[PDB]
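Data block below; observations after.
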Amino acid sequence: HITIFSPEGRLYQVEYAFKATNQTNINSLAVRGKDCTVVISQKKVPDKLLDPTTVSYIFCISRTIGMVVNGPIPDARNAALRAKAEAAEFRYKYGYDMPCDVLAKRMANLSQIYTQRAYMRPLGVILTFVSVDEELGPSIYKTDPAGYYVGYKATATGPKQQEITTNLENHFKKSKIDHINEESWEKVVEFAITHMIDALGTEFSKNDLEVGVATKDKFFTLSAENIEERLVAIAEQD
Amino acid sequence: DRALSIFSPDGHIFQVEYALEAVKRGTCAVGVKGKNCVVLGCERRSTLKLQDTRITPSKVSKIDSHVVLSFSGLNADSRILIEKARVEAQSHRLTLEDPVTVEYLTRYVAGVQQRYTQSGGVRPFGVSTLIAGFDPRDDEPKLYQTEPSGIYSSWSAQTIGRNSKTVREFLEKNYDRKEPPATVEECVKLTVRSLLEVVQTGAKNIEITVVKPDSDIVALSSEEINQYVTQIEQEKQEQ
Amino acid sequence: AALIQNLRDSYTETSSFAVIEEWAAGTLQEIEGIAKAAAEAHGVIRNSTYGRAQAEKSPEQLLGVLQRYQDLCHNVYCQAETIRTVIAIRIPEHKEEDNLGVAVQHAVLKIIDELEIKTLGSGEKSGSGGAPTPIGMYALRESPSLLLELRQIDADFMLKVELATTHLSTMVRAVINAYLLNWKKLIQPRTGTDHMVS
Amino acid sequence: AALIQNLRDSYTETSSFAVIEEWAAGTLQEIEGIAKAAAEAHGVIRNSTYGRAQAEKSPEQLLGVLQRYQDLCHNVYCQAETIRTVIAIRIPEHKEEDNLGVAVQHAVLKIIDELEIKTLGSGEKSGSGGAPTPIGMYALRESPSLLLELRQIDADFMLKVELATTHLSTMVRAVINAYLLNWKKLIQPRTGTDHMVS
Amino acid sequence: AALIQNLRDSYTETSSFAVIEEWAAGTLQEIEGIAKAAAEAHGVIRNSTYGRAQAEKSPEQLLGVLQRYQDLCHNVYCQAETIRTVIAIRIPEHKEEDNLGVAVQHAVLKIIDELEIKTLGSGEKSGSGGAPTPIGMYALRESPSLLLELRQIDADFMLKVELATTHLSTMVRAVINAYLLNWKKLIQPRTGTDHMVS
Amino acid sequence: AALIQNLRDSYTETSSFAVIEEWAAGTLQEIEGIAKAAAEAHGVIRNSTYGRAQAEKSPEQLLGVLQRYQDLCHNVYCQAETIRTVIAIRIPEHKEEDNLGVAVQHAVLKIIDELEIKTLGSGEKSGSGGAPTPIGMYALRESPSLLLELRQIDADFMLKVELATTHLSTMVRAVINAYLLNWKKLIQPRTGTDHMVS
Amino acid sequence: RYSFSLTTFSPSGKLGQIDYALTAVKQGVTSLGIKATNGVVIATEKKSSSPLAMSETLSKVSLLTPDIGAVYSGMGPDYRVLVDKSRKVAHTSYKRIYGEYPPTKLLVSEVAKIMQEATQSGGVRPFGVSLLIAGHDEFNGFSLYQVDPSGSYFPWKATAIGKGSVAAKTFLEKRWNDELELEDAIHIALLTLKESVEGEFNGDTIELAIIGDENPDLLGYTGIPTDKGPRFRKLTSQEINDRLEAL
Amino acid sequence: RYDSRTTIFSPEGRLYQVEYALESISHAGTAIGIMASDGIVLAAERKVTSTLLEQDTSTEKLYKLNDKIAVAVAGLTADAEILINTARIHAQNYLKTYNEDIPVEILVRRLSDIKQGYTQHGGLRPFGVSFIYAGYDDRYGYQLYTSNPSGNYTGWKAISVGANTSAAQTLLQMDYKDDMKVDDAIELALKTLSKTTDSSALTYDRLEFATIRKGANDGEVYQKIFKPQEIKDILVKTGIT
Amino acid sequence: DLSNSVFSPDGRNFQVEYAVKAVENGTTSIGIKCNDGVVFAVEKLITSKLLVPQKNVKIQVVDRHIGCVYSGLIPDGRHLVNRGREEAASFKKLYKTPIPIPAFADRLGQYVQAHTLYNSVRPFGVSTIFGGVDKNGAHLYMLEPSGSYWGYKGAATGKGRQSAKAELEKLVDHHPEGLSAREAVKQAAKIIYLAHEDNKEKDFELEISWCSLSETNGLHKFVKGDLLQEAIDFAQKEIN
Ligand SMILES: [Mg+2]
């Protein structure tokens with residue numbers, strides 16, 4: 001209860017905050033290419049009265065940085081905005097476009113500050129940033145509400161975390177490298193959908209999903225149509 | 001219903017009341033006036049005496065060449081008031097030439113004690129005080145008492161602090177309302193014996209400070225105060 | 001987890017508002033059966049109040065009443081235990097939220113609970129109706145007041161019926177009301193459609 | 001500390017959801033054994049309600065029922081004490097946090113607790129079923145109402161069976177539900193994965 | 001003050017985790033002694049449930065059981081009183097802080113406390129086992145149900161053993177767990193190393 | 001006011017830590033007197049557990065024990081009432097401040113209080129030890145179990161001694177600790193040196 | 001429960017929250033540091049959440065100045081941001097006033113000044129981290145310092161904070177003398193750190209750096225006499241495991 | 001009205017909040033200051049011990065406040081440093097303004113006034129420190145002053161604060177001749193100090209000292225915060241192994 | 001559960017649920033995206049014969065191209081509109097080009113957002129429907145107390161939302177190519193009537209507005225007058 005230390009120093013509002021990130025109910029996964037990066041998220045559209053265009057958990061922050069978030073849409077659109085502008089203000093104030101790993105710092109920084117000074121309740125969302133910067137290439141860093149980020153060679157956010165995970169882990173103990181060997185994104189994409197389908201004991205149509213790709217400085221969201229064609233691709237080859 | 005900035009059913013602000021309970025906890029002061037003087041008496045909590053006699057503090061404090069004051073309650077507090085008063089004492093004289101009226105002074109002081117009873121997030125001064133002196137180019141002795149709440153009042157002679165109730169009684173049937181103690185000498189004689197109730201022997205626990213007009217002022221020495229204990233125990237034995 | 005839900009399922013599946021609706025409806029008209037068990041004991045106190053003295057031997061019409069009453073307590077208690085069963089099966093996962101619905105459930109249980117308790121301080125009075133008389137009919141060898149105490153132990157027990165009946169009607173009716181109002185909350189205590197935030 | 005954990009270990013290791021699953025499952029179908037212990041006592045109150053007077057000598061079919069009932073109370077109580085054992089072994093280190101899980105455990109214990117209490121206000125009624133009749137069968141030398149009180153002490157004790165049985169079913173079912181919902185919290189009351197902050 | 005500490009000292013010095021470790025350990029394997037006191041009374045209810053009537057004279061095998069059980073309650077209670085002793089000696093200076101440790105101590109005491117109470121509602125039933133039979137074996141001059149009540153007062157008391165034993169195991173095990181977790185808090189309830197602020 | 005203080009004075013002046021130190025010290029070694037009253041009753045249960053049947057006539061060694069025990073309760077209770085006296089004399093002017101010290105006093109009184117209560121549920125068992133036997137030794141005209149109940153009423157009362165003794169040691173020790181820690185707060189509950197603010 | 005929770009005096013004198021903060025400390029990861037006559041060493045375990053996180057992107061021993069580095073045990077996030085401001089204050093309140101960088105003692109105090117603020121003030125919970133700052137400066141020589149959320153700080157010879165401190169602090173206590181050279185320390189550190197592990201013990205899973213000597217290479221420039229190089233040296237995954245040989 | 005908040009007033013005019021802090025002192029190392037007709041002495045016993053702690057290129061009990069004034073701490077480490085800092089500043093403003101050395105009486109006062117400040121407003125807690133002020137000014141010569149968190153200051157002949165300062169206190173009341181030259185005091189210091197210790201015996205390492213003195217050969221005042229050595233030595237002079 | 005900022009043991013903000021709970025309780029509002037432009041309608045409830053008809057408008061325009069309506073707490077709605085009004089007009093002064101409906105929502109979503117962050121403030125008690133046109137077509141969204149909103153083919157809140165919901169469902173399939181600008185109105189006119197059957201004992205007054213490059217001409221106009229009448233009658237026949 002409230003934002004100041006427990007008897008075992010663990011102020012739960014931060015802890016509670018987490019369940020809510022998860023609670024949304026969507027699964028987000030991400031992996032590195034070789035000259036590209038990719039994230040998978042599900043696109044469950046219940047109400048037959050909405051419009052799938054307006055739905056999404058992935059947005060174009062920068063010309064090259066995209067973001068996915070397993071978390072409640074209102075709080076996300078916020079984080080989206082601030083971040084979206086921090087980079088905007090950055091390029092201006094410093095001469096060069098802001099990289100993945102950094103945004104995630106002021107971002108975690110920000111969520112830490114809130115938390116400690118009490119100027120608002122933490123947002124209940126986990127942000128997963130992606131891109132490729134010409135200093136560390138395929139970059140992937142994640143941030144949580146307890147104001148904190150780190151690095152992933154490929155990650156996942158969702159109700160079923162460790163499952164999506166373990167698969168990749170096993171696929172990694174064998175592929176032995178710390179990323180996905182392959183030149184084309186289409187091909188990598190195929191790979192992830194693959195590793196997710198296998199991971200849910202579930203199948204997806206051409207609208208049941210949501211995916212994004214980070215290239216050599218030209219990040220773009222995968223749309224309804226192009227999305228299906230990868231299912232075509234990965235049907236026989238399986 | 002006690003954490004005041006709110007009202008009791010019967011319309012009380014119990015905090016402000018309790019604060020007064022501390023003035024009683026503290027030491028004791030008493031003032032008296034004549035038709036030429038105003039004496040201020042006080043006691044001395046001579047309790048853990050292994051401390052330099054010299055520089056350690058004493059109740060009566062001059063606020064301006066012609067005015068002084070005393071208190072009882074929290075020393076910790078009292079000091080801060082005295083300072084802020086002394087300051088206003090000059091700020092006046094500066095912006096008005098004319099040196100302060102004792103009535104005005106008190107009103108200022110009481111205004112401060114009064115300020116610390118309105119905004120939430122502040123606590124009242126645990127100090128009640130006696131202020132005496134003679135107005136500029138004036139020969140009418142003035143005595144006022146101010147207390148924690150913010151009330152100021154003029155008295156012919158009054159006392160505050162622990163066992164004030166007692167000595168008050170005493171004073172009541174000694175001080176003649178019709179005519180005030182004429183001579184200075186005896187005006188002192190009075191106050192001194194009035195404190196002898198609580199003192200418990202020794203002019204070593206009795207402070208006297210005397211104030212006349214035309215900014216004269218003068219604290220008392222130990223023997224001087226003693227020569228009175230003497231000339232009083234004498235007439236007590238003579239009764 | 002597959003098998004686990006099946007049990008909680010087939011259980012809630014064999015009792016429901018569908019079931020409870022019939023107790024409320026059943027114990028609705030059935031009050032007549034009580035509005036009757038009343039008037040019977042009444043007509044009877046007059047004969048005892050005035051049917052001067054005797055030489056003993058167990059009254060047949062009196063046991064006809066206690067048998068009819070003890071008979072009713074039985075029905076009701078079983079019928080209540082059925083409503084009780086329908087609710088205990090809907091008590092959600094214990095936690096510190098959405099406890100608005102849960103609260104209703106409990107409150108209603110406490111009232112039902114009371115009903116059952118009421119049917120047990122007198123739902124045995126037959127084996128007790130003739131329990132003080134074997135002590136009373138004995139001492140067959142005479143206080144002329146002891147003869148009168150037998151006149152009373154008959155009328156006293158007829159009063160207890162009329163009275164228990166009177167209160168009982170009230171209790172039932174209260175319960176009818178109470179259910180009819182809440183109920184939906186009783187079966188659906190948590191909603192959970194609030195995922196319009198995530 | 002090496003040896004200390006081993007005990008707490010080998011103890012929790014010999015009882016588990018694996019064990020409790022069988023009580024819920026076992027006391028699932030076993031209700032039939034009660035839905036039966038019911039219908040038996042019923043058929044029997046009719047013969048007592050109508051099997052006019054006699055000259056005494058201990059009814060064999062009645063003890064056949066109390067023996068079957070007292071027999072069931074026994075089973076259940078042992079079976080409950082096993083579920084109770086599984087939980088008390090999982091009560092974490094006492095402190096003022098994460099008490100969400102702990103709370104569940106307690107609440108469930110209080111309900112189980114109740115069940116056990118219920119099986120003990122009647123799980124002795126055999127040594128008591130024939131406990132009022134030695135006083136009732138004596139005074140063999142005649143109240144014509146005392147003869148009828150024997151007719152009653154037979155039917156009254158048959159009612160108590162039917163009734164205890166009725167309530168009992170409910171209690172059980174309630175407990176089934178209650179477990180099936182929480183349980184995971186019962187075994188895993190603290191998580192502790194929250195070290196994602198350090 | 002020199003002498004004063006010496007007492008508080010030499011007292012805590014003659015009892016410790018060292019001591020208690022042996023009760024947990026001692027009352028660990030010793031449960032077999034109870035898992036036994038169980039199976040014995042069971043085998044015995046079958047002979048009473050079926051060993052048709054008689055002409056009386058005090059059963060030797062039955063007292064063999066109550067003597068063995070009353071025997072166990074004794075041990076345990078002394079063994080608990082020892083753990084109790086170890087803690088009461090560590091209750092820190094009473095005040096309104098650091099009461100986190102103190103709290104643990106109290107909670108555990110309440111559970112131990114319970115254990116002792118349990119061993120006393122039945123830890124006397126031998127002098128009571130043969131306490132209702134002198135009343136039951138008398139009235140030697142015949143209810144054919146009174147003969148059967150003697151068959152029951154033998155089996156009933158054999159059931160109470162089996163049951164008390166079943167519950168008891170549980171209580172003990174609970175206590176073992178409870179101690180093994182907290183303990184360090186029980187002996188060291190205040191730390192006080194927090195002077196890293198001054 | 002002059003006279004008034006003199007009384008409160010000369011009273012606190014005739015009892016003090018000086019006095020209480022001797023009870024803690026006195027009841028320190030005196031536990032031996034209990035560690036003894038223990039071993040005595042033990043050696044005695046074996047002779048009763050095995051000293052097969054008899055023809056009655058009041059056991060001399062048994063009364064030797066109860067006399068020795070009832071003897072001890074007496075001592076202790078007087079000794080406690082003295083510590084109690086020392087504190088009640090130090091309960092300060094009732095008000096809503098500085099109640100930290102006062103609180104201690106109360107808590108300690110409640111524990112002492114308990115001790116005295118403990119010495120009174122058994123500190124009379126001699127006039128009760130032979131109180132059930134006059135009823136037991138009568139009915140001198142024979143249940144062969146009644147004979148055995150006399151064997152038990154002897155052993156049962158020897159167990160109560162051993163047990164009361166065991167618990168008692170504990171209570172005392174607890175009290176020793178409790179006093180030794182607080183005490184100074186018990187006599188000096190208010191300080192009042194805080195006038196460093198005025 | 002008590003008069004704990006809030007920033008105010010408990011009946012005795014114990015300040016509430018503060019102690020629970022020093023709890024998130026004791027619960028946190030194990031970390032140590034040794035001052036050693038010609039060098040100083042600071043280290044901490046790198047317990048990885050999972051093997052899918054390339055932990056190689058998160059410093060625990062971090063650079064405060066080219067002569068001072070520090071480390072922690074407790075709330076990860078608190079340390080991350082605490083550092084950055086800490087670096088600034090070492091500039092704004094020193095380098096921009098004097099032209100050079102600050103001595104250990106003062107920078108610590110400056111950090112403590114910030115550690116302070118978070119306390120004396122309602123509406124702000126203190127930091128759940130204790131810092132081990134090690135450094136050097138031309139006049140005071142080598143230094144070792146600990147900093148608790150309570151603001152306060154002490155000068156050490158060597159010590160540990162976190163889960164394995166009770167123990168480590170004892171192991172270290174035994175193995176210390178005033179003539180030990182750095183490599184002695186470095187070695188000694190590992191052997192303490194040894195016990196305090198549950199996971200692995202290879203390179204990438206141990207974070208350690210030290211204050212040693214000038215690195216004329218690292219600068220990037222050459223031509224100025226007095227400007228010679230940072231002393232702070234974060235040993236990398238390689239240099240380590242090799243020192244695992246002489247145990 | 002009980003415990004919480006400083007802005008609260010108990011039914012009897014008590015400020016508990018304060019009274020706790022004003023007492024919290026009884027947890028700090030025993031510090032002592034003594035006056036002599038030729039010099040002032042500040043003695044102090046260290047706390048926070050272990051075996052892995054330096055203290056030479058530092059201190060935390062005796063702080064030099066002015067070339068003419070010094071203080072002995074005994075409270076919250078964190079607190080002290082804050083006051084100690086602003087106490088130094090203000091002292092310098094006095095110098096920068098009047099171009100003269102700031103009088104001890106004055107300095108003590110201003111500080112007592114800040115401590116008092118925090119004693120009356122909501123949103124802040126009082127400082128949990130106690131100070132033994134020792135210094136000289138040509139107005140009233142040598143002076144020994146003290147102050148608690150209640151914001152009250154006091155002139156003393158020779159005082160102690162912190163731990164066992166009731167025991168330690170009385171020992172002083174015995175031996176003390178008003179003129180008592182410095183060495184007898186420095187000596188007395190230890191005598192008083194030893195007697196009140198939980199350490200098996202008095203070891204230099206766990207100890208802090210300093211003195212003030214002035215004359216004709218100096219013409220001005222000189223004060224010395226004693227370094228690790230001098231101590232390990234004078235200790236022997238007072239007969240200690 | 002009692003403060004606005006806080007989270008529940010498993011991440012939940014209750015004050016917002018109740019916010020929602022009050023949104024439902026009020027009147028019912030709807031809106032429909034058709035060929036080009038949109039159509040809105042609300043439910044003014046005539047509680048007495050002393051209410052001047054054609055008067056208390058619940059629908060409001062923004063700029064000169066955005067329709068807008070809601071339900072729940074009426075003053076909350078009004079308030080929210082103002083902020084939306086500034087934001088719009090400020091933007092307009094800045095970028096010259098009338099404000100894109102897509103972003104507009106956020107500007108508002110972001111403002112409704114905040115009132116879920118601090119405890120000193122009260123959650124927005126209204127669900128809001130709106131839309132308009134631009135260059136790349138007409139749009140329509142619906143904002144809730146949580147601040148979460150989206151784009152719908154038609155929306156509904158307040159008392160009976162399902163009535164209009166399943167009602168909106170049909171239209172989708174039979175006219176999977178957007179309903180006629182004209183028919184849109186008259187259809188809305190009906191969908192309301194049907195959903196009113198709760199306040200049935202109490203008469204009412206229906207209000208309608210719309211947007212369309214063909215009909216309104218890029219603007220937002222109040223459906224009042226002749227088209228307004230027939231649109232009612234149209235509903236009045238199917239009303240059987
Ligand atoms: Mg807030």
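Within each chain, counting starts at residue 1; across the structure tokens, chains are named A, B, ... in the order shown, with ligands numbered 1 upward in that order.
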Can you tell me which residues surround residue 206 of chain A at a distance of at most 12 Å, considering only C-alpha atoms, apart from same-chain residues fewer than 6 positions away, and format the answer as a list in words?
residues 42, 43, 44, 52, 193, 222, 223, 224, 225, 226, 227, 228, 229, 230, 231 and 232 of chain A
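Residues from chain A found within 6 Å of chain I are residues 16, 17, 19, 20, 49, 50, 51, 54, 74, 120 and 121 of chain A, counting only C-alpha atoms.
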May I have the residues from that selection written out with N, CA, C and O atoms, as a compact mmCIF listing (two decimals), in the first residue's frame?
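To be explicit, this is the file written out as part35.txt:
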# COMPACT_ATOMS: atom_id res chain seq x y z
N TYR A 16 2.89 -4.93 -7.83
CA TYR A 16 1.53 -4.95 -8.36
C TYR A 16 1.49 -4.43 -9.78
O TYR A 16 0.84 -4.99 -10.64
N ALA A 17 2.20 -3.33 -9.98
CA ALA A 17 2.28 -2.68 -11.25
C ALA A 17 2.45 -3.73 -12.32
O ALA A 17 1.62 -3.77 -13.22
N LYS A 19 1.74 -7.24 -12.75
CA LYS A 19 0.59 -8.09 -13.12
C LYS A 19 -0.26 -7.40 -14.18
O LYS A 19 -0.65 -8.03 -15.16
N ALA A 20 -0.53 -6.11 -13.97
CA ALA A 20 -1.30 -5.27 -14.88
C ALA A 20 -0.68 -5.14 -16.28
O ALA A 20 -1.39 -4.97 -17.28
N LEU A 49 -17.26 -4.79 -33.93
CA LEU A 49 -17.64 -3.43 -34.28
C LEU A 49 -16.50 -2.44 -34.41
O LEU A 49 -16.72 -1.30 -34.81
N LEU A 50 -15.28 -2.88 -34.09
CA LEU A 50 -14.10 -2.01 -34.17
C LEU A 50 -13.48 -1.96 -35.58
O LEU A 50 -14.13 -2.28 -36.57
N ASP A 51 -12.24 -1.53 -35.67
CA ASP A 51 -11.56 -1.45 -36.96
C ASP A 51 -10.10 -1.81 -36.71
O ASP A 51 -9.37 -1.08 -36.04
N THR A 54 -7.06 0.73 -36.49
CA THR A 54 -6.89 1.41 -35.20
C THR A 54 -6.29 0.56 -34.09
O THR A 54 -5.94 1.08 -33.05
N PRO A 74 -4.12 2.61 -22.75
CA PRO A 74 -4.03 4.02 -22.35
C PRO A 74 -2.61 4.40 -21.90
O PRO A 74 -2.00 5.33 -22.44
N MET A 120 3.54 10.75 -9.44
CA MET A 120 2.51 10.02 -10.21
C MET A 120 2.63 8.52 -10.01
O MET A 120 3.64 8.03 -9.50
N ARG A 121 1.60 7.79 -10.42
CA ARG A 121 1.60 6.33 -10.31
C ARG A 121 2.34 5.81 -11.53
O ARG A 121 2.22 6.37 -12.62
Quick one: residues within 10 Å of residue 22 of chain C, only C-alpha atoms, excluding same-chain residues fewer than 6 positions away - as a list in words?
residues 28, 79 and 83 of chain C
Please, which residues of segment 1-227 of chain G, numbered as in this document, come out strand (DSSP E) from DSSP, as a PyMOL selection string?
chain G and resi 31-36+39-45+62-65+68-74+129-137+141-147+153-155+158-161+206-211
Write to file, as a PDB file, in the first residue's frame, the residues of the selection just made, with C-alpha atoms.
ATOM      1  CA  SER G  31      29.818  -6.998  -3.215  1.00  0.00           C
ATOM      2  CA  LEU G  32      33.303  -6.158  -1.811  1.00  0.00           C
ATOM      3  CA  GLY G  33      36.353  -3.960  -2.003  1.00  0.00           C
ATOM      4  CA  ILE G  34      39.929  -3.873  -0.725  1.00  0.00           C
ATOM      5  CA  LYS G  35      42.295  -0.995  -0.298  1.00  0.00           C
ATOM      6  CA  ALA G  36      45.844  -2.315  -0.887  1.00  0.00           C
ATOM      7  CA  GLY G  39      46.095  -0.093  -5.580  1.00  0.00           C
ATOM      8  CA  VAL G  40      42.493  -0.641  -4.576  1.00  0.00           C
ATOM      9  CA  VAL G  41      40.012  -3.242  -5.773  1.00  0.00           C
ATOM     10  CA  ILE G  42      36.213  -3.340  -6.010  1.00  0.00           C
ATOM     11  CA  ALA G  43      34.053  -6.248  -7.198  1.00  0.00           C
ATOM     12  CA  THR G  44      30.543  -7.701  -7.278  1.00  0.00           C
ATOM     13  CA  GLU G  45      28.746 -10.872  -8.552  1.00  0.00           C
ATOM     14  CA  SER G  62      30.999   2.151 -12.812  1.00  0.00           C
ATOM     15  CA  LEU G  63      33.314   5.019 -13.621  1.00  0.00           C
ATOM     16  CA  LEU G  64      32.809   8.198 -11.603  1.00  0.00           C
ATOM     17  CA  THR G  65      36.010   9.893 -12.602  1.00  0.00           C
ATOM     18  CA  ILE G  68      37.337   6.981  -9.111  1.00  0.00           C
ATOM     19  CA  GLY G  69      34.905   4.171  -9.644  1.00  0.00           C
ATOM     20  CA  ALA G  70      32.310   2.727  -7.337  1.00  0.00           C
ATOM     21  CA  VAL G  71      29.993  -0.214  -6.938  1.00  0.00           C
ATOM     22  CA  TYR G  72      26.712  -1.361  -5.223  1.00  0.00           C
ATOM     23  CA  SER G  73      24.411  -3.973  -3.674  1.00  0.00           C
ATOM     24  CA  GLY G  74      20.637  -3.500  -3.598  1.00  0.00           C
ATOM     25  CA  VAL G 129      21.423   1.105  -2.191  1.00  0.00           C
ATOM     26  CA  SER G 130      24.753   1.263  -0.360  1.00  0.00           C
ATOM     27  CA  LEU G 131      27.761   2.275  -2.509  1.00  0.00           C
ATOM     28  CA  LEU G 132      31.372   1.214  -2.373  1.00  0.00           C
ATOM     29  CA  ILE G 133      33.402   3.971  -3.800  1.00  0.00           C
ATOM     30  CA  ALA G 134      37.072   3.469  -4.301  1.00  0.00           C
ATOM     31  CA  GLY G 135      39.499   6.050  -5.477  1.00  0.00           C
ATOM     32  CA  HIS G 136      42.663   8.079  -5.268  1.00  0.00           C
ATOM     33  CA  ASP G 137      43.996  11.662  -5.472  1.00  0.00           C
ATOM     34  CA  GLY G 141      46.569   8.654  -1.691  1.00  0.00           C
ATOM     35  CA  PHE G 142      44.362   5.578  -2.025  1.00  0.00           C
ATOM     36  CA  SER G 143      40.892   5.512  -0.534  1.00  0.00           C
ATOM     37  CA  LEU G 144      38.014   3.142   0.207  1.00  0.00           C
ATOM     38  CA  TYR G 145      34.439   4.330   1.057  1.00  0.00           C
ATOM     39  CA  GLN G 146      30.943   2.973   1.861  1.00  0.00           C
ATOM     40  CA  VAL G 147      27.754   5.052   1.515  1.00  0.00           C
ATOM     41  CA  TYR G 153      29.580   7.052   5.118  1.00  0.00           C
ATOM     42  CA  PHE G 154      32.786   5.409   6.394  1.00  0.00           C
ATOM     43  CA  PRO G 155      36.424   4.871   5.273  1.00  0.00           C
ATOM     44  CA  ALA G 158      38.141  -3.561   2.794  1.00  0.00           C
ATOM     45  CA  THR G 159      34.621  -4.964   3.252  1.00  0.00           C
ATOM     46  CA  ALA G 160      31.421  -6.410   1.800  1.00  0.00           C
ATOM     47  CA  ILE G 161      27.706  -5.624   1.717  1.00  0.00           C
ATOM     48  CA  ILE G 206      31.793 -11.425 -12.386  1.00  0.00           C
ATOM     49  CA  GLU G 207      31.973  -7.663 -12.471  1.00  0.00           C
ATOM     50  CA  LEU G 208      35.200  -6.223 -11.211  1.00  0.00           C
ATOM     51  CA  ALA G 209      37.388  -3.190 -11.732  1.00  0.00           C
ATOM     52  CA  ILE G 210      40.104  -1.463  -9.777  1.00  0.00           C
ATOM     53  CA  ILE G 211      41.988   1.743  -9.261  1.00  0.00           C
TER      54      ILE G 211
END
Report as a PyMOL selection string all protein, DNA and RNA residues lying within 9 Å of residue 74 of chain I, evaluated on only C-alpha atoms, omitting residues in the same chain fewer than 6 positions from it.
chain I and resi 26+58+125-126
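Within 9 Å of residue 191 of chain C there are residues 98, 188 and 194 of chain C, counting only C-alpha atoms and ignoring same-chain residues fewer than 3 positions away.
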Generate a file of the selected residues that holds N, CA and C atoms, formatted as a PDB file, in the first residue's frame.
ATOM      1  N   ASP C  98     -12.965  -7.218  -5.631  1.00  0.00           N
ATOM      2  CA  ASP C  98     -14.278  -7.642  -6.146  1.00  0.00           C
ATOM      3  C   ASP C  98     -15.128  -8.238  -5.032  1.00  0.00           C
ATOM      4  N   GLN C 188     -23.400 -14.656 -10.054  1.00  0.00           N
ATOM      5  CA  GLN C 188     -22.364 -13.933 -10.773  1.00  0.00           C
ATOM      6  C   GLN C 188     -21.788 -12.903  -9.803  1.00  0.00           C
ATOM      7  N   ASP C 194     -14.116  -5.818 -16.909  1.00  0.00           N
ATOM      8  CA  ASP C 194     -13.285  -4.621 -16.655  1.00  0.00           C
ATOM      9  C   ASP C 194     -11.894  -4.582 -17.367  1.00  0.00           C
TER      10      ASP C 194
END
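The interatomic distance for the pair atom CA of residue 65 of chain H and atom CA of residue 182 of chain H works out to 21.2 Å.
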At most 6 Å to chain B: residues in chain H, only C-alpha atoms, as JSON, numbers by chain:
{"H": [7, 11, 12, 13, 120, 121, 122, 151, 152, 155, 156, 157]}
Can you check which parts of chain G lie within 9 Å of chain E? Per residue, the shortest pair of atoms and distance in Å to one decimal, counting only C-alpha atoms, sorted by chain and number, as CSV.
residue,atom,partner,partner_atom,distance
G:1,CA,E:99,CA,7.4
G:2,CA,E:97,CA,5.9
G:3,CA,E:97,CA,7.6
G:4,CA,E:97,CA,8.0
G:10,CA,E:97,CA,7.5
G:11,CA,E:96,CA,7.7
G:12,CA,E:97,CA,8.6
G:14,CA,E:194,CA,8.7
G:15,CA,E:197,CA,8.8
G:18,CA,E:197,CA,8.6
G:19,CA,E:194,CA,6.8
G:22,CA,E:194,CA,8.4
G:148,CA,E:196,CA,8.4
G:150,CA,E:197,CA,6.4
G:151,CA,E:197,CA,8.5
G:152,CA,E:197,CA,6.8
G:153,CA,E:196,CA,8.9
